[PDB]
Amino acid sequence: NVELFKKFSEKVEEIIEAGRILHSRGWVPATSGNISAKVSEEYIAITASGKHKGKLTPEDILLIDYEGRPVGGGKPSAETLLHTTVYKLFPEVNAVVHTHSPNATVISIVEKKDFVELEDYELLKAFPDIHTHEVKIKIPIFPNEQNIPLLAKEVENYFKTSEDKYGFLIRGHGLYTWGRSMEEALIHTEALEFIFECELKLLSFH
């Protein structure tokens, strides 16, 4: 079976910790959000969807394949499909974080354009990874597509053709980001959650 058990357990502890941190920020209320971490080139560790991310225990962490399918046999879910999609788009990514903050939810409902943009040299330093011809951090907003494979399709199309790879928003579902490490993903989450705060606060005088 190899040393998967070793890496899996490490990701379990990594995810439980990430969950306590997210919760302390008010970004994963009452079961919303989800967290995943790369176990190996064949398996991913992902938080069970109905569990509160702020009180995880080993039993709440599931092991799936790059097809979003649960190793112990099963059918993929929207969340499981969406994470694997991220892993496939960015081979360097080892962690995916989905938050569901009040600001993200609200922005998902009032933003008329299909993206949120800000331009913050200050915040760019959080994405030393991304090289682009712009200085504006951009966050694409995807529709609440009930058709999962199509939603995935649009996300792939966007990121395959876009220089910016900060994260994305799915209206009525929440924010998604990722990183080469859980630390990098959390940092990205914070950066984006910050933008959502400014974006709205602006639209409280506009």
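Residue positions are given as counts along the sequence shown, with the first one as 1.
Stretches compared: 63-71, 29-37. Higher mean C-alpha B-factor in the entry: 63-71.
Look at the C-alpha B-factors of 128-136 and of 76-84. On average they run higher in 128-136. Comparing the listed residues 147, 47, 161, 181, the entry records the largest Cα B-factor for 147.
Per the deposited record, the Cα B-factor of residue 173 falls in the highest third when ranked against the other modelled residues of its chain. Ranked within its chain, residue 195 lands in the middle third, by CA B factor from the PDB record. Annotation for residue 53: C-alpha temperature factor in the lowest third relative to the rest of the modelled chain, per the entry. In the PDB entry, a CA B factor belonging to the middle third of its chain's modelled residues is recorded for residue 123.
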